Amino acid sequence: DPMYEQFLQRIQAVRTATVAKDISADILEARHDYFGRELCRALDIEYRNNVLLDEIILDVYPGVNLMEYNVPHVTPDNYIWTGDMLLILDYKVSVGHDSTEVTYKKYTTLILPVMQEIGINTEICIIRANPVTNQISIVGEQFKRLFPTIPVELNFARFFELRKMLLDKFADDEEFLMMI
């Protein structure tokens, strides 16, 4: 596994709490990106990670004139354009709901106004995987209608092993326990 080994190499050679912080972060993001690929694979939809809203608009409505609109330059993880509806997908990997609400509020408030003016029928989807129990939670009714079952085989254990090593290595470093 080239990704585990590169994290491992970094956890082995890290000496300072600020570079440790970055490794923690990098882990949680690769754990997010891992779920995105597995999710998109199981549904057989295009995999993307951070698409600029302006780019999403132009794929779905080529004739648009961006300048005539105030488009917030958000980058949702992904989207599905069915031809009559746009599903804005963001991935999450969390035991709690707090990251989902924060993102749901952010995309509902910033993306939906401009999509209504442009006239594109849009829904905000947030798909979360609990990394401990592998259970998925979906916010988005049209998404649940298109994907009633999600047949993923998720295994987050290697990410947890790597971060636990990092947390143990810095268990007596007050500077790091604050940063996390």
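Residue numbers run from 1 along the displayed sequence. Each form is matched to the other, and the largest set of C-alpha atoms that superpose within 1.5 Å is called the rigid core.
Undergrad: 62-70 versus 119-127: which one's CA atoms end up farther from this form in 4 other deposited structures of this protein after a core fit?
TA: Evaluated in 4 other deposited structures of this protein, the stretch farther from the shown form is 62-70.
Undergrad: If you average the CA temperature factors over each stretch, which comes out higher, 56-64 or 122-130?
TA: Averaging CA B-factors over each stretch, the winner is 56-64.
Undergrad: So 153-161 or 167-175, which one's hotter by mean CA B-factor in the entry?
TA: Result: 167-175.
Undergrad: Using the entry's values, work out which of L89, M85, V93, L110 has the largest Cα B factor.
TA: Out of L89, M85, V93, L110, the record gives the largest C-alpha B-factor to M85.
Undergrad: Could you tell me which third, lowest, middle or highest, the C-alpha B-factor of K105 occupies within its chain?
TA: Middle third by C-alpha B-factor.
Undergrad: Considering only modelled residues of the same chain, in which third does the CA B-factor of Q116 rank: lowest, middle or highest?
TA: As the PDB entry reports it, the C-alpha B-factor of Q116 lands in the middle third of its chain.
Undergrad: Among the chain's modelled residues, which third holds the C-alpha B-factor of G140?
TA: Middle third, going by the recorded CA B-factors of the chain.
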